[PDB]
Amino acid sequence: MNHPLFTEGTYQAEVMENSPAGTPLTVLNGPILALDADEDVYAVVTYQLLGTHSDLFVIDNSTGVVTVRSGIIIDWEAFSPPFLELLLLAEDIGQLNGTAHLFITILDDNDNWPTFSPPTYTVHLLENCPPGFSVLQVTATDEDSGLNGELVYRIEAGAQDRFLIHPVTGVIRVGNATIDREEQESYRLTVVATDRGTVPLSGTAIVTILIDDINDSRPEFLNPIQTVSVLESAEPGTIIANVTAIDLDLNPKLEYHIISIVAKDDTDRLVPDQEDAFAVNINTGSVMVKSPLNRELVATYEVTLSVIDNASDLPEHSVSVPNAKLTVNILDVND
């Protein structure tokens, strides 16, 4: 009986993780207080603090106030559950000790950054993929609790509405935009996940999106219109011109052809059966005299040349639009 008595059986208390040394515990139920049992004499009562995690704290042995110790760090993420049990002793010399318990709840602080692991990504994607196609999912982790761990995803740069991301799931999908390998063959997306604590932290990942090829882009002649004067004395074999085209797809097989050769004499009049006159090299586009030329037979030739990508996956983007045009004015030879 004659031992000192605390005001409470158990003092309920709390403290914020990462509090610096000196920080008193918030003690929900009054101050930690014991008094000597003898109502006639006076007797000094000192306080002690014991238990497996008492090393995190120091008790003011005179006032009984519990503060955070120097050296140590209170880590919410290091205790499951986030709840300590400590014994308090009241000492009066020549008396048995007082007993109370100090139960302490460690409070969470937003002190973990939303982390991506892996912290970067690479994905291949086929061009002409329709709106809303699901490209990649990205997940970040957070060792905080409650809202301080609840993450919200968002594309910061590299995107321009061509890719969108679900704020919750982190699923990157294609936006309402044409993904054309020829217009842009790759993307480097900066993607941030932000926590919802009041001081909100964020962390970053980099999604490379390599656009794969469909052979879907027609060859283009770089020299579409061309007039050339050739001597009627030009022998067969003689290169007089070269049409040249480019397909912007990944592995084209270009083939140059002559679609027609219209011929006209010097009185501006149709001369038929003169397709033997010229020939285009099927790979290079080099145009040569093929048969003997005579001005007195043919004065002008209009020649149309096409080019096909034989590898093209789409049939309506196979051929040159427009075809190449080559007028060939024939020069006179005389005495």
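Numbers for residues come from their place in the sequence shown, where the first is 1.
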Read off the CA B-factors in the entry, average them over 122 to 130 and over 225 to 233, and name the higher stretch.
122 to 130
In the PDB record, does 163 to 171 or 250 to 258 carry the higher mean Cα temperature factor?
163 to 171
Checking the entry, which one of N242, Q95, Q184, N148 has the top C-alpha B factor?
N148
Looking at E91, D108, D213, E220, which has the biggest Cα B factor in the entry?
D108
Split the chain's modelled residues into thirds by Cα B-factor; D332 lands in the lowest
Relative to the other modelled residues in the chain, which third contains the C-alpha temperature factor of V68: lowest, middle or highest?
highest
Chain-wide C-alpha B factor ranking for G285, given as lowest, middle or highest third:
lowest
Looking at the entry's B-factor column for C-alpha atoms only, identify whether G9 ranks in the lowest, middle or highest third of its chain.
middle
Temperature factor at the Cα of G22, chain-ranked in thirds, falls in the highest
